[PDB]
Every structure is written in structure tokens, then in C-alpha cells.
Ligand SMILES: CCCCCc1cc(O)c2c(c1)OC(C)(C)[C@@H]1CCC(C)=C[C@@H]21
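Just one chain follows, in the form deposited without this ligand, and it is written as C-alpha cells.
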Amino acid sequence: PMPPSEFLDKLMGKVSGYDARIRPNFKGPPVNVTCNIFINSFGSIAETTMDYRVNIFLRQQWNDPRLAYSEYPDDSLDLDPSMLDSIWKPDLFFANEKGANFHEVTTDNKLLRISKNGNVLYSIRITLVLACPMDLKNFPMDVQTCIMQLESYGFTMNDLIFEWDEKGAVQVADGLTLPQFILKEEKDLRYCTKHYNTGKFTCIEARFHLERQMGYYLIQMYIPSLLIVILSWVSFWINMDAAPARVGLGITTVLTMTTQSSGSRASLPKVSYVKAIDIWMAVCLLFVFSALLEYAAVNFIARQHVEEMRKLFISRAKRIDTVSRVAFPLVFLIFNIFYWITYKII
């Protein structure tokens, strides 16, 4: 018989009247495109720009009655992408592209196959840099929902309807891990149908839930801030009433708590609200600032001067150095109970 590209040239080129500019089912029902993606790569989830780079295989399936061949014996006629500008294709785009490209190495990475009843599979490889707003109210313990939405640009709802398929509409690669987050297996598949003054346009989207990994900030942020709070508690044991060394232990633990507070937001967006790492690095700034403020209470009370009055202010200098020695591991530990149970209920 005929070779299939030449068999398909008479199905398209100038003898069958196939016009690649005019959609199937024209002057009738709209085209029902059913979509599913395959995430090869995921990640580089920046928060300064609030975006993430995904790498998908975008599969699209629609029906074209004009491509319904009826006397070739096989079931799937493929097509190399040189003659892929000769069929109708849906004008899908992404509402939050922020730059995206195809992949054109050794061949344009595209796929086409045409079934006997005109079912057209069409798979392209796309790298997207998708925008998602970061809600950083509880910053190391937040579940980010970053989405991607697939709209139509030139055709309204009575021309082209996007759907997800029901056979697992978002697949994910086999060992797809992330350095900072983990990807949850529940992916919401819902509609996002838009409206403009141009009209209404179809839209489908897929939410991706991105639970963080708390195990990094529990090494850089929370534990070296925990040691400086213990370091200020050395000053209650130093020289048993007062010293010039307790000043320098009260100065320095405020410095590398302030510098570490400024280093807790080194590569973050400049959000207006106050977040979970901002109410840990500022309350523990208060425990190391009150330790030198504790010494200013000792060095002013104990340096005051009958024969009875000598032992009355040193006894007010030991009680301030044996209550504050135990009350600071009481106020700090009850904050430690209040901080993490609040961010487990949330």
C-alpha cells in the first residue's frame, strides 16, 4: 500500500481540503481536549522571585473527524514534527508562565499519533518557570500550595474545552525528590474558568502541595540560637555577685543574637508580616538582652552602702542571683512548649 506519511499527505495536503486553521467539529460542539502531564524534573523553588521550575510532558488528546482514515490496516499513524505545523493544534498556554521554552535537541521533542477514528495524541516537552505566591506566616513549618493553570487564549468555551483525564491526570517521575521540600501524593484537579471583557475562556489547573523539610532550619537557625541563650546563663555563675566579665558576656550574646537575627532573613522575600523565624529570633533576643539587664539590677543594688545594712543588700544580691538562675530556664522552657505546640496545631 502507501507509505504512511504519503498516505497522510493525501489526507491533509490540498486534495482533502484539510485546513489547519479551522478547528474540528466546526459549527457544532466545541473541541473537548483532555490533558495530562508528566513531571520529569521539579524544583529550584526560589522565594525571592516566588517561582519554581518544572519540566513536564504535556499530553493533549482531541478528536479530528477529518483525520479519520478508513482503509489503512494499522491503528496508529505517527508523524515526525516537520509536518506538525500542518494539523490543527489547541492554543494552550499557562496563565503564570514567567518565561518558558521548548526543547529542541537533536529533534524538536514532540510526539504525534493519529488513531483510526481521528483520536490525536500530542505530547511536547516544556520547561516552565511557574509563579506561585508564598504564604510565609509560619516559615519553616508551612505547607505551600503552588499551582499551574492551563488556559486557552484565542478560543472561548463554545470553541475549545479543556479537561483532565480520569486515568491519573498528573503523573510524577519515579525517584523525583527535592532538596528542600517534599511533594505530597494528593494533587487537586479542579477548574479555574476565567472571564474577561473578551469573554470567558476555559482553564484547568493542578495544585501541588509542598511540605517543607524542617530538618535544615533545625540545624542552622534554631540550635545556634539555642546555644546563645544557654551562653547568657553562664553569667549567673560568673564570680557569684558581679564582675567586669559579666558585662562582656552580656554584650556579646546580644551581638551574635542580633547578627544571627539579621542572618535569619538573608535570602528571603521582604514581606511585611511577622513570621515564625521572626518570633523565635526576637524572643530569644529578649532572653539574652534581659541577662545584661539582670546584671544592671545586680550591679546597682549590690553596690549600695549601719552595721546591719551591710548584710541586707548582699542578701538582695544573692536572691536576685538564685531566683534568676532558675527562673530563666523556667520562662524559656515554657516558651519552648508554647512555640512548637502552636505550630503543630496549625
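Start at 1 and count along the sequence shown; that's the residue number.
- In this entry, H305 is separated from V306 by 10 or more residues of the deposited sequence that have no coordinates.
Just so you know, the form solved in complex with this ligand exists too; it's not on screen, but the next bit is about it.
- In summary, the binding site of this form is open: after superposition of the surrounding C-alphas, this ligand from its pose in the deposited complex has no atom within 2.4 Å of backbone or C-beta atoms.
- Heavy atoms of no residue among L92, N96 and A131 are located within 4.5 Å of this ligand in the deposited complex.
- Proximity of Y18 to this ligand in the deposited complex falls outside the 4.5 Å heavy atom cutoff.
- A residue is said to contact a partner when one of its heavy atoms sits within 4.5 Å of a partner heavy atom; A46 fails this definition for this ligand in the deposited complex, lying far away.
- When contacts are judged by a 4.5 Å heavy atom cut-off, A302 does not count as touching this ligand in the deposited complex.
- Taking the partner from the other structure, this ligand in the deposited complex has a heavy atom within 4.5 Å of a heavy atom of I320.
- Between 47-55, 66-74, 307-315, 290-298, the stretch whose residues reach within 4.5 angstroms of this ligand in the deposited complex through a non-hydrogen atom is 290-298.
- Taking a 4.5 Å heavy atom cutoff to this ligand in the deposited complex, the contacting residues in 309-345 are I320, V323, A327, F328, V331.
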